[PDB]
Every structure is written in structure tokens, then in C-alpha cells.
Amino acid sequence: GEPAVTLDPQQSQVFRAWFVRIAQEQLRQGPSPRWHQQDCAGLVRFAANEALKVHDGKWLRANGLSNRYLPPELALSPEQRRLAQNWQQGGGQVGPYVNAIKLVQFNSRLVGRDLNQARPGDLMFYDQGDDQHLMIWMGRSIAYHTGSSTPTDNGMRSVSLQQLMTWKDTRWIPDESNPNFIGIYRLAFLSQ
């Protein structure tokens, strides 16, 4: 009758390119009324939602992408464009917003613990005990949220794998030896 709404492999590749592009653009900015929550889950939901929008002139101007070599546009159904507005909440319940746990538990699948195998837009999931975090693998760098936004700072940061290995705070190392590094997850609506 009507299968489950997902992105095919080509669409998934273009979605990742838009996702990472939009994420990168958030680096040079202070709080946006456009994120649902001022945190990592907020950035992921925002970038995914914006990645699935029709990227018209008005959208390009609003997001400062007007004079750029951009990824291809997707020919998506309305249902596909609504994918980052309809997250699984558990028990078949659906909603427009997601925190880190609901995103990984109900809206992601494991890739593994080897960044060599990660694609741009894959999520690096950490459990520090009291608090769980998502970083975005951007392909050659990592976008993360400081955990503390202010009226002039959205808390978004970018670090190379190399510079992250220099951190005195060793809790964020994305390898086998880090018990706080849980894994690398792909958004469930992307193709394998």
C-alpha cells in the first residue's frame, strides 16, 4: 500500500551534504529563535529540518548561502520534507522535537565506533554519566555544543580530530579506549 518514508541512497548523500553545510553556517552566530532547544539535540533537529526544506532564494538569503556552490536540490515528497518534524518518541508516538536520548534510541541506528567508517552528518554519541551528548562528524572536523549558550553565543564549536586529541579533557576521544564514547549513529531515515 504505502511503505515507511525514508531517503534513498542518492537523496541520503545530498541530505548529508546540506545537513553538514547548514551545521557549519551555525558556527559564526549567536542564539537563533529557530532552534527548539539551545543544545546539541536542538542543532541536529534544526540542521536536519533546514536540510529538507526547499532551498529557494528567500531561504538562501536568510541562511547566508546566496553566493555559494551548494549541494543539488532534492525532489522530495511533502512527507519526506517533514521527516525532521516527525520523530519517533517511543511506543509509536510521534512529535516534532527530540532530545539526545530519544534521537539515538528511536531515530538512529549504530554505524560503529570507527570514524574511518562514519559519513558526513553521522552523530558521535557520548555518555558522561549524568549527561549524554551528540557531536556531528562533519567529514574532516567535529561540530559540538559547549553546553552553555548566552545572548551572543549559540555555544556551537568546531574542532579537528587532531586538536580534540590534544584536549586535557580526555572524555571526548572517539576511540575504543574511551568508555564515555558509546558509538557513531546514523539518522534512521537515511539509506544504508
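Residue numbers run from 1 along the displayed sequence.
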* Asked: In the PDB record, does 66-74 or 22-30 carry the higher mean Cα temperature factor?
  -> 22-30
* Could you check the entry and say whether 4-12 or 182-190 has the higher mean CA B-factor? => 4-12
* Based on the PDB record, which member of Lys58, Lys53, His133, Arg157 exhibits the highest Cα temperature factor? -> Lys58
* Asked: Can you tell me which of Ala47, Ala143, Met165, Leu123 has the highest Cα temperature factor in the record?
  -> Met165
